[PDB]
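K.L.:
so I pulled this structure from the PDB, and the sequence comes with it:
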Amino acid sequence: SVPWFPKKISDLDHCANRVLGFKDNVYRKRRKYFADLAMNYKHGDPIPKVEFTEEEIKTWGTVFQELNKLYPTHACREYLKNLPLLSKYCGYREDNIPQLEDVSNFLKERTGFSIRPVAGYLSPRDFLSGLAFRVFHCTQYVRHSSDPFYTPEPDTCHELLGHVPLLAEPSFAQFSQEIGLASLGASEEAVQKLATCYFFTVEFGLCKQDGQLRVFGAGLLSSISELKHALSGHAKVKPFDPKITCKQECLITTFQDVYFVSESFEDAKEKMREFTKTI
Ligand SMILES: CCn1c(=O)[nH]c(=O)c2c1nc(Cc1cn3c(n1)CCCC3)n2CC1CCC1
Ligand SMILES: [Fe+3]
């Protein structure tokens, strides 16, 4: 039988709370403040605005300044076009952490996408289900200040700088939504291939633009070291093709062993369409 899946945008209430400086208990207190905020959030709520600490803003600022040096030569065209929009409209500054609420309202206007806070990792099914309603489950906390440039888990710096500028792009938002739509009620096996295709496009994808390799994966756009690595000569690069890409292991603790190149967002979407027919 078909497993449960959300039928309307507020149905994400019943799956977004199904969550699946590490010896710093002060940081842990701060982290669970953020966790409770997301757990208590219900669809329709304004996303709670947070007063980030001076330490957190400094971390964001250290991440922001270094990444902005790399984006002109590394990030895809669409990313470069929307990032200034977010600076004008959502307060993307070195000295200010944008609020999820403001970014959510900006995205609703540009592509209909919206943000919902999440405490931690959901199942691939639950996480991809939000995309079907143009809802991106986003973390709200800031990484630990001892290491601004590496984080084991994604934080709001990764969401705001990695994911958000592409969610503002209609062609990308369509692609993302169709990943989630295909996932709704699909088999566990089918969810796992869709999540892997998501991983190697939304999170770690490359694209070719005017003969040049550029990055659009959010996990690259928020990682100073892997961003440079991906466009270096050290990187194994293969064409995006869902039937092989879905067989690739998604690495979490290291650099990816391979990065997949899409011809364009429209082309990755068409390839996804053919692939979901067969699954
Ligand atoms: C499709 C896989 N997947 C999943 O199965 N359940 C999730 O909940 C999830 C997720 N993928 C993300 C987004 C994500 C994960 N990573 C990055 N972005 C960039 C750095 C590498 C790891 N999430 C939600 C966030 C996890 C904290 C909430
Ligand atoms: Fe991500």
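P.N.:
Arrived safely, thanks for sending. Residues are numbered from 1 along each chain as shown. Ligands and ions are numbered 1, 2, ... in the order given.

K.L.:
give the full set of residues in contact with residue 83.
P.N.:
71, 75, 92, 165 (CB atoms under 8 Å, 6 or more residues apart in numbering). C-beta: built from backbone N, CA, C; applies to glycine.

K.L.:
where do the helices of the stretch 1-150 of the chain begin and end?
P.N.:
Assigned by DSSP state H, counting those that start in this stretch, the stretch 1-150 of the chain shows helices spanning 13-16, 25-40, 54-74, 77-90, 100-111, 124-132.

K.L.:
just name the most buried of these.
P.N.:
Among the helices of the stretch 1-150 of the chain, the stretch with the highest mean neighbour count (mean count of other CB atoms under 10 Å) is helix 124-132, at a mean of 23.

K.L.:
and that one, what does it pack onto?
P.N.:
Packing partners of helix 124-132 (3 or more CB pairs under 8 Å, 6 or more residues apart in numbering; DSSP states H and E): helix 13-16, strand 135-138, helix 170-183, helix 188-198.

K.L.:
with distance to residue 97 added, can I get these in TSV?
P.N.:
Formatted as TSV, these follow (distance: least, CB to CB, whole Å):
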stretch	distance to residue 97
helix 13-16	22
strand 135-138	13
helix 170-183	23
helix 188-198	26
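
K.L.:
residue 160 versus residue 27, what's the distance?
P.N.:
With distances taken as CB to CB, to the nearest Å, residue 27 is found 19 Å from residue 160.

K.L.:
same question for residue 106.
P.N.:
To residue 160, residue 106 is 11 Å away according to CB to CB.

K.L.:
how close does residue 89 get to ligand 1?
P.N.:
24 Å (CB to the nearest ligand atom, to the nearest Å).

K.L.:
within range of ligand 2, give me the residues from the stretch 151-279 of the chain.
P.N.:
154, 218 (CB under 5 Å from the ion).

K.L.:
can you give me the strands in the stretch 151-279 of the chain?
P.N.:
206-209, 212-215, 237-239, 259-262 (DSSP state E, counting those that start in this stretch).

K.L.:
could you identify which of those strands is most buried?
P.N.:
Among the strands of the stretch 151-279 of the chain, ranked by average contacts under mean count of other CB under 10 Å, first place goes to strand 259-262 (a mean of 22).

K.L.:
right, so of the helices and strands packed on helix 124-132, which gets closest to residue 248?
P.N.:
Evaluated over these, closeness to residue 248 peaks at helix 188-198, with 6.4 Å, by CB to CB.
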